Each structure stands twice: as C-alpha cells, then as structure tokens.
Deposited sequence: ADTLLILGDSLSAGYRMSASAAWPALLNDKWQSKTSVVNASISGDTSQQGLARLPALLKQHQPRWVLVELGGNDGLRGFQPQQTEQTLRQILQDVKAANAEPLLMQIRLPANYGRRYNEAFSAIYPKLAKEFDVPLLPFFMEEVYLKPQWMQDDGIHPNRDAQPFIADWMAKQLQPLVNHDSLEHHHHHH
C-alpha cells in the first residue's frame, strides 16, 4: 500500500487532543489501500517541519506528502519571505525524494488586517504554481462556519470537528491519491 505523509502542525496533529482523535487517524481508518502517516506536531513552524523532513522521507518513502505548515510562522521572527523560502525548500526535498508534494493553502486570523494576511496567503498560490503542484483549499474555512466545531481560542478545530475534516480531506485527496 502506498504511503501519504502528512507534514503539519496543530491543525493536523490535533490541538489539545490525542493523535488518535485527530482527523489524520480517522482518515487512516477510512483508508488498507493507502497508509496515512501523521508526522505533525503542535506549535511547529515551517522551519521546524523542514528540519524533520529528511528523516521522514528516508524512513517512510512516501509517494505523496501533504504540506500543512506556515500558520505558526506568525510569532517566530519570520516574515512571509522567510516562510516562503522554507516552504520552497520543503517542496524541493519532497520532489527530490520522488514523492508528489501536496500543498495546502493556509490563511491567518482576520484580526491581522489586510497587508500581512494577503501577503502571507499569497505565498501558497505562488509556490503551487512555481512547482506545478496541487494546492488544496484551507480546510479551516469550512470549519470556521461552525462555531460548535471550534475550540475556545477560535483558532483550532475541536474533537467534534475531526470527523468532518477527515471526510473533507478524503474527498479532496481521493483524486490526487488516484
């Protein structure tokens, strides 16, 4: 069975819940034909993710790598330019390992105004085109529309949301994982 490696942060690792409760575990249960390895860690910045990538690629030899990073690069001393370069390196390493990188669009809180959010968000479409890879929509967009699926911080999805996200991801990934 082929392997899908998820390289992400709290949105994929699960925030204040076990890994077994996070959507990647639910997706894995739904998928036998395709193994889903959740290499996500809460709090991770794109840089911390890239630092773990080499070992993950060599160990799991994934066919597809879902990159869901950048959201934490808000308070780490990095500017959109840095986050962009870091993600660029990730996509390169993925392709170099003969794996198909799947980039997910990330969007920042509305309480950040124009300029910075537009700049941060613009990074993903740019890279997706540069490497000619799939650019998945930010799944949290649909979750925000359901207050009952959001944790208190108004940032992370709760336990009740995971099943929905798993289904959403299955549908989005299905065509990509063939």
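Residues of the deposited sequence missing from the coordinate set occupy positions 32, 180-190.
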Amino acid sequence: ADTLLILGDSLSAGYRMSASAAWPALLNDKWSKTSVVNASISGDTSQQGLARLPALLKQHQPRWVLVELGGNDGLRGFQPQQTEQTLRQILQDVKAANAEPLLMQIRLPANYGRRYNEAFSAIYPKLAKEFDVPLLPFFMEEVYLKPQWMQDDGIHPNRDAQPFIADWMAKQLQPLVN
From here on, numbers count along this sequence of modelled residues.
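The stretch 117-125 shows the higher mean C-alpha B-factor when 117-125 is compared against 132-140 in the entry. Taking the PDB entry as given, 108-116 carries the higher mean Cα B factor of the two stretches 108-116 and 66-74. Highest CA B-factor among the listed residues (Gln151, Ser46, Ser40, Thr34): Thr34. Among the modelled residues of the chain, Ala97 sits in the highest third by CA temperature factor in this PDB entry. Ranked against the other modelled residues of its chain, the C-alpha B-factor of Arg52 as given in the entry falls in the middle third. For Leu4, the recorded CA temperature factor ranks within the middle third of the chain's modelled residues.
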